[PDB]
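Order of the sequence lines sets the chain letters (A, B, ...), proteins ahead of strands, with each chain counted from 1.
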Amino acid sequence: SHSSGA
Amino acid sequence: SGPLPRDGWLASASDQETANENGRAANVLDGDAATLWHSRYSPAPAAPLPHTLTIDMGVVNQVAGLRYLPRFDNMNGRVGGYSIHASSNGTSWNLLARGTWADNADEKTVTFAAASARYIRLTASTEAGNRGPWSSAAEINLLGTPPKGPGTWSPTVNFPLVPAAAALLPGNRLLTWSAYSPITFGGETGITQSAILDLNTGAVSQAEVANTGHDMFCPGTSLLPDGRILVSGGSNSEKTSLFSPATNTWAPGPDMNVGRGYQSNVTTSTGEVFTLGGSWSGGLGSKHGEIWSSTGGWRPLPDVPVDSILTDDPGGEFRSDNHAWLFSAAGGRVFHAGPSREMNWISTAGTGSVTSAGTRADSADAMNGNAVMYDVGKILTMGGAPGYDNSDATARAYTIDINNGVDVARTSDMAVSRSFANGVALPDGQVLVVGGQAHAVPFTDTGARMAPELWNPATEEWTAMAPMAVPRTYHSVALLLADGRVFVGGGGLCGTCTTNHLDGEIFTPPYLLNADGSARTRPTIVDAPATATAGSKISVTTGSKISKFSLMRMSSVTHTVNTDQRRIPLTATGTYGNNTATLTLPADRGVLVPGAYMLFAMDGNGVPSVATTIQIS
Ligand SMILES: OC[C@H]1O[C@@H](O)[C@H](O)[C@@H](O)[C@H]1O
Ligand SMILES: [Ca+2]
């Protein structure tokens, strides 16, 4: 997966 | 089990938050650990447990497990008690597993006995900390194995551009092109990136075409009697360019009377090229009929007005005149089948004329659907959406018979709805549908349909084929090859976007395979004429006794439009020679439209030979 952040 | 690929998967739910954060079901499929499905909590009252999340896979996979990835930001909505259901048909459901997950941030896994399913439903019964009436998920994966067969796919084939337009050349080569750029478009730069794939060796030659001052993105295409390919309009909306397969180069043609883009071009019984519509470029509206001849260039047909072909597109004439379903018909006429509800007969003599053909039964407008001529005067239409943009696609299919009349009937729905798909007439009379998506948004891969389907006129049923690996939505192409396989490529062409596909794959249809997956022994053509005349008797030698042949006109294709292909089945008469037969070509050039054809021998099991090229005058 990946992440865009919060 | 490894995880299944999720291209084309669509997630829906009982309830979801959108007011206080982005809690859409679709966030479980995007691959981002930061985006969630959250149950609806605002306004009060929050939606109560249980909550459900359903996944439509687009295909009947084998499912053996599920992976749940919780949010990482807090604990709210971590699933505790869970249930897993599966359906193959959508209506009947079956429990495969039921359990509880511990209250932590660890990705959870559940495995069960393999089950055939298109749909998987996760019911959340409890919130693992009983903190509130909430369910949430960052990601959902599924374990198992995809269908193999019927048919088979090649590995992907590298291209140096997104192949967004394509044409079949003799010698088993495929011309493709994009725009001024391999991966984007715009302006009117008068340059087109091209690439020819050699189907024998897998080699690709790349050529920038600048000599004709034409960026040939978004045009009309057709095959001329003499072998050339005429390409008009697009980013340079007034230009005409002709490709010669002898020289493999382009030559400037004369300008159209009005520029156009996203129009439809169709070679007529006389080898002239008729064109109608196309407001994508060159101005909005008034994109009336024209016709090209090699001696006189483009002449206007002011009594062929565009009004007759316009859909009720919400975008107006910018879209509503796009991609008409145009066909050469017996007698030298042109038939308009759609995508508008309204169908027409077009005549090209003089200033031209349009006669209404009545509607296409009860079809809605079918923009970006396909129309395919699978026999003499017989067409199959399928897919499309009432709108070009942000519009629900249909699964409906309608047959149209234009032999001595117009007779429309609704046939079987496809197993999936499609817009942006491609249609391919196959030599056995069946029609392959490839690609598309569930909801038409140009430049997306969301809801891509990954499994082609095959329509058999004999029973009017659709059968799902083994799925492909790359989504093929907007700016994709597919077409028949001379060995009887089908090329599929393209998709995207949107610059810094993440949905460019600079590749293709090649589909081997079921008719070439044994039950065991070994290659079927094929009939062979030993001798045949390289040229012929409409109305001629011709002589063909096969390597075994054959009585059915198919003349399949060669294709050009872009933006879902292919006016070139058509199947003309011929019955062989036996002669005195060793598996040598007579075929009689139809005399009517409205039906036997002049141009390059692939001649196929059809064996008694309906396995086809490799075709040979015959140029018909
Ligand atoms: O009140 C319900 C909401 O509570 C917030 O704290 C949380 O960040 C949201 O994802 C949702 O759980
Ligand atoms: Ca996510």
Side-chain angles (χ1 to χ4, degrees), chain B residues 150-154 157 163-169 172 174-176 197 199 221-223 323 325 327 337 368-375 378-384 397 399 411 414 416 418-436 449-457 462-468 470 472-473 475-491 504-512 550-569 595-598 600 602 606 608 610-611:
Chain B
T152 194
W153 288 87
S154 79
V157 164
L168 189 69
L169 310 182
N172 200 56
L174 177 70
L175 166 69
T176 72
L197 170 68
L199 284 178
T221 69
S222 66
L223 265 64
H323 316 312
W325 303 351
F327 288 100
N368 304 299
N370 317 125
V372 174
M373 183 164 298
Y374 61 92
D375 199 347
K378 293 191 198 311
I379 302 162
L380 176 80
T381 68
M382 65 281 209
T399 63
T411 193
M414 283 175 316
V416 294
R418 298 179 200 251
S419 176
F420 300 140
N422 285 278
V424 180
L426 296 192
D428 60 356
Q430 308 190 266
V431 172
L432 181 71
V433 67
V434 175
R449 308 309 201 178
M450 300 305 289
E453 288 171 65
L454 190 59
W455 183 80
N456 178 345
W462 291 99
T463 304
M465 300 291 101
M468 61 204 189
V470 175
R472 303 298 179 193
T473 54
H475 284 165
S476 71
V477 303
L479 68 166
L480 180 70
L481 308 181
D483 71 354
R485 296 150 64 233
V486 178
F487 172 80
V488 185
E505 303 159 76
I506 292 168
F507 184 54
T508 297
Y511 56 20
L512 292 179
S550 285
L551 272 179
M552 304 294 298
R553 193 159 185 290
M554 290 189 182
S555 287
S556 65
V557 55
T558 191
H559 282 84
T560 79
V561 176
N562 172 6
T563 63
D564 290 300
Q565 81 182 318
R566 57 176 60 202
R567 170 161 173 277
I568 301 189
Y597 288 70
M598 294 167 286
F600 281 99
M602 304 300 302
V610 174

Enquirer: According to side-chain hydrogen bond (donor to acceptor under 3.5 Å, both in side chains), who are the partners of B:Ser555, at least two apart in sequence or on a separate chain?
Expert: B:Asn562
Enquirer: Report the distance from atom CG of B:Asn368 to atom OG1 of B:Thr560, rounding to the nearest 0.5 Å.
Expert: 5.0 Å
Enquirer: If you look at every heavy atom in B:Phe487 and B:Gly504, which pair is closest and at what distance?
Expert: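 Closest approach of B:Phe487 to B:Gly504, heavy atoms only: CE1-CA, 4.0 Å.
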Enquirer: What do the steps show when you test B:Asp564 against B:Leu479 for side chain to side chain contact (heavy atoms under 4.5 Å, CB included), and what is the final call?
Expert: CA-CA 11 Å; B:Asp564 290 300; B:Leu479 68 166; over 6 Å; no
Enquirer: Which heavy atom in B:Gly436 sits nearest to a heavy atom in B:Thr473, and how many Å separate them?
Expert: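 Of all heavy-atom pairs spanning B:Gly436 and B:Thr473, the closest is O-CG2, 3.8 Å.
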Enquirer: Which residues satisfy the salt bridge (charged side-chain N to carboxylate O under 4.0 Å, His left out) test with B:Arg418, sequence neighbours excluded?
Expert: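 Only B:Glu453 meet the salt bridge (charged side-chain N to carboxylate O under 4.0 Å, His left out) criterion with B:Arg418.
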Enquirer: How would you list, by chain and number, every residue that makes a ring-ring contact (aromatic ring centres under 6.0 Å, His included) with B:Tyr597, sequence neighbours excluded?
Expert: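 Not a single residue meets the ring-ring contact (aromatic ring centres under 6.0 Å, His included) criterion with B:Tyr597.
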Enquirer: List the steps, then state whether side chain to side chain contact (heavy atoms under 4.5 Å, CB included) holds for B:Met468 with B:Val470.
Expert: CA-CA 6 Å; B:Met468 61 204 189; B:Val470 175; 5.9 Å; no
Enquirer: Quick check for you: to the nearest 0.5 Å, what is the distance between B:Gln565 atom CD and B:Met552 atom CE?
Expert: 6.5 Å
Enquirer: Report the residues that fulfil side-chain contact (heavy atoms from CB on, under 4.5 Å) with B:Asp375, sequence neighbours left out, ordered by chain and then residue number.
Expert: B:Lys378, B:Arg567, B:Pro569
Enquirer: For the pair B:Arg472 (side chain) and B:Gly491 (backbone), establish whether a donor and an acceptor sit closer than 3.5 Å, ignoring hydrogens and angles.
Expert: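 No; zero donor-acceptor contacts below 3.5 Å.
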Enquirer: How close do B:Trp153 and B:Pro452 get, heavy atom to heavy atom, and via which atoms?
Expert: CZ2-CG, 3.4 Å
Enquirer: Which residues pass the side-chain contact (heavy atoms from CB on, under 4.5 Å) test with B:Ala482, not counting sequence neighbours?
Expert: B:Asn172, B:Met598, B:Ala611
Enquirer: Looking only at heavy atoms, which two atoms of B:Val557 and B:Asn422 are closest? And how far apart?
Expert: CG2-OD1, 3.4 Å
Enquirer: Mind checking what makes side-chain hydrogen bond (donor to acceptor under 3.5 Å, both in side chains) contact with B:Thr558, not counting sequence neighbours?
Expert: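 B:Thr558 satisfies side-chain hydrogen bond (donor to acceptor under 3.5 Å, both in side chains) with no residue once adjacent residues are dropped.
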Enquirer: Looking at side-chain heavy atoms only, is the closest gap between B:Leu480 and B:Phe600 below 4.5 Å?
Expert: yes
Enquirer: Identify, with sequence neighbours excluded, every residue that meets side-chain hydrogen bond (donor to acceptor under 3.5 Å, both in side chains) alongside B:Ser476.
Expert: none
Enquirer: Only counting residues at least two apart or in another chain, list the ones meeting salt bridge (charged side-chain N to carboxylate O under 4.0 Å, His left out) with B:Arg566.
Expert: none
Enquirer: Please determine which of B:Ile379, B:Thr411, B:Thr381 meets the side chain to side chain contact (heavy atoms under 4.5 Å, CB included) test together with B:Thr399.
Expert: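 The residue from B:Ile379, B:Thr411, B:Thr381 that satisfies side chain to side chain contact (heavy atoms under 4.5 Å, CB included) with B:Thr399 turns out to be B:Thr411.
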Enquirer: Listed by chain and number, what are the side-chain contact (heavy atoms from CB on, under 4.5 Å) partners of B:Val610, not counting sequence neighbours?
Expert: B:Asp483, B:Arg522
Enquirer: Show the atom names and distances, to 0.1 Å, of all donor-acceptor pairs under 3.5 Å that link a side chain in residues 423-435 of chain B to residues at least two apart or in another chain.
Expert:
from	atom 1	to	atom 2	distance (Å)
B:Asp428	OD1	B:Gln430	N	3.1

Enquirer: Could you list the residues that satisfy side-chain hydrogen bond (donor to acceptor under 3.5 Å, both in side chains) with B:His559, not counting sequence neighbours?
Expert: B:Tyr262, B:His475
Enquirer: Apply side chain to side chain contact (heavy atoms under 4.5 Å, CB included) to B:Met382 and B:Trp455, showing your working.
Expert: CA-CA 10 Å; B:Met382 65 281 209; B:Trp455 183 80; over 6 Å; no
Enquirer: How close do B:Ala164 and B:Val477 get, heavy atom to heavy atom, and via which atoms?
Expert: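 It is O-CG1, 3.5 Å.
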Enquirer: Of all residues at least two apart in sequence or in a different chain, which pass the side-chain contact (heavy atoms from CB on, under 4.5 Å) check with B:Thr508?
Expert: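 B:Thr508: side-chain contact (heavy atoms from CB on, under 4.5 Å) contacts with B:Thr152, B:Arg485, B:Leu512, B:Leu513.
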Enquirer: Please give me the minimum heavy-atom distance between B:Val561 and B:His323, naming the atom from each residue.
Expert: CG2-CB, 3.4 Å
Enquirer: With rounding to the nearest 0.5 angstrom, report the CG to CG distance, B:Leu197 to B:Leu481.
Expert: 9.0 Å
